[PDB]
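Structural description and commentary
What follows is the residue order along each chain.
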Amino acid sequence: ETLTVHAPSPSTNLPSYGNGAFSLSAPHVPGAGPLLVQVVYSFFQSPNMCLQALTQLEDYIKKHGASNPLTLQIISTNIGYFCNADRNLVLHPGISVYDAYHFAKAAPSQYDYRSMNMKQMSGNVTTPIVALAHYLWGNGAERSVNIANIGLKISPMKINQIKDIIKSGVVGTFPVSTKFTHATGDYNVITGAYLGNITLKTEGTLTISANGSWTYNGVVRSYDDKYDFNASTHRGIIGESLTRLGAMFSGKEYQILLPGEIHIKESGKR
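Quick notes on the rules
- Residues numbered from 1 in each chain as written, not as in the entry; some residues may be left out.
- Heavy atoms only, no water.
- Helix = DSSP H or I, 4+ residues; strand = E, 2+ residues; numbered from the N terminus.
- Buried < 20%, exposed > 50% of the residue type's maximum accessible area, 1.4 Å probe, protein only.
- Contact = heavy atoms within 4.5 Å.
- Domains from an automatic or database assignment.
- Buried area = accessible area lost by both parts, 1.4 Å probe.
- Salt bridge = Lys/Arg side-chain N within 4 Å of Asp/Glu carboxyl O.
- Polar contact = N/O pair within 3.5 Å; in protein donor to acceptor, adjacent residues only side chain to side chain.
- Axes fitted to C-alpha atoms, helices over the stretch in contact; angles between N-to-C directions.
- Parallel < 35°, antiparallel > 145°, perpendicular 65-115°, else oblique.
- Left-handed = near helix turned anticlockwise from the far one by under 90°.
- UniProt positions renumbered as here; feature names shortened; annotations may be inferred.
- Pairing = 2+ DSSP bridges.

The deposited coordinates, according to the entry record, derive from X-ray crystallography at 2.31 Å resolution.

Take a look at the structure:
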């Protein structure tokens, strides 16, 4: 039987991330000399930040115990920071993660889930932790993330209909309309954590030249309307951490929409 983490609130939040006993930063680099802002700015743009916050939670739970009230407070509060940063990224598309996380107009220690919680996640590196918050506290409400925000990289050669035309040795212009399974976790550790394997529809044009050069121009959208967030659908190193934390704490599974479309232009030779 699992433990309940309370939702972030001004009256329960700790005064800081990690109760001032740890913080989210770029790694100790021996012999580098003093740590500087440019290095920490980059650290926050990278997926490693997500990994690091999650690992820190696990390390804390290991050392101090999962049922210890302080532990549950730290969990609540830390996740609170992420929700707050991600809100700011949804609200201000294009700002850095460092800026959204540190210089938000609403103070992260003041975060209140019940009243501030968003249905739109940003798709940036803070999302996997936001997605966990919705499991803990969201009572099964639908969330969504726009397909243009998830870092899709499509290889047309791994799409059966396309591969076939290319391998067939034909030349000219060919219309494509197909559905495929796409493993986000194979290359994207962030999107892999909370979306994993998705189903996509694409429609477009394959152009093959006499010497085997091909170009695919097309549009990609989600084929399934929504995707489950549960222990089984996580993929990748971040996902595995979500699974371990999910198994320890009370919450509800819920579904994530993937509205939107992207336009792709990929190329190769046969």
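From this point, the discussion proceeds with the structure in view.
Overview of the overall build of the protein
When helices and strands are tallied, the protein shows 9 helices and 7 strands. C-alpha extents for the protein along the principal axes are approximately 65 × 45 × 35 Å. Buried positions account for 47% of the 270 residues belonging to the protein. A separation threshold of at least 6 residues defines the contact pool for the protein, and within that pool the share at least 24 residues apart is 73%.

Here's the deal with the domain arrangement of the protein
Segmenting the protein into domains produces domain 1 (1-140) and domain 2 (141-270). Between the C-alpha centres of domain 1 and domain 2 the distance comes to 27 Å. Residue-level contacts link 33 residues of domain 1 with 27 residues of domain 2. For the pair domain 1 and domain 2, the summed buried area comes to about 2700 Å², and 64% of that belongs to carbon and sulfur atoms. Taking the shortest distance from any N to any O, the salt bridge between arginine 244 and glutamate 58 comes out at 2.4 Å. Where domain 1 meets domain 2, there are 17 residue pairs in polar contact. Sorting the residues of the side of domain 1 that touches domain 2 by element identifies α2 (48-64), α3 (69-91) and α6 (127-137) as the ones contributing at least two each.

Some details on the packing of α3 against α6
Interaxial distance between α3 and α6 falls to 9 Å at its minimum, and their mutual angle equals 120°. Relative to α6, the element α3 lies oblique. By crossing handedness, the relation of α3 to α6 is classed as left-handed. The residues of α6 that touch α3, namely those facing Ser76, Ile79, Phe82, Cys83 and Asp86, are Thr127, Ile129, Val130, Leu132, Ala133, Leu136 and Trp137.

As for the UniProt feature "short sequence motif: TonB box" in the protein
Following the UniProt record, the feature "short sequence motif: TonB box" maps to residues 1-8 here. With 0% helix and 0% strand, residues 1-8 has end C-alpha atoms that lie 22 Å from one another.

As for the sheet that holds strand β6 (residues 254-257)
The strand order across the open sheet formed by 3 strands is β1-β6-β5, and the pairing between neighbours is mixed. Strand pairing shows two members of the sheet lacking a second neighbour, β1 (143-144) and β5 (226-229), which therefore form its edges. Here β1 runs beside β6; their pairing, made up of 2 bridges, is parallel. By the bridge assignment for β6, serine 144 is matched with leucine 257.

Description of the pattern of salt bridges
The full count for this structure, using the stated rule, is 5 salt bridges. Between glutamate 261 and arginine 221 there is a salt bridge whose closest N-O contact spans 2.8 Å. In this pair, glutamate 261 is assigned in strand β7 (residues 261-269) and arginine 221 in strand β4 (residues 213-222), connecting sequence segments 40 residues apart. Here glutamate 261 falls in the partly exposed class, since its relative accessible area comes to 40%.

Focus on the environment of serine 109
As for its placement among the helices and strands, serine 109 is situated in the loop between α4 (97-102) and α5 (113-116). For the pair formed by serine 109 and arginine 221, sequence separation is 112 residues and the distance between their alpha carbons is 37 Å. For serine 109, the contacting residues outside a window of four places in its chain are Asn13, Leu14, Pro15 and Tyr81.

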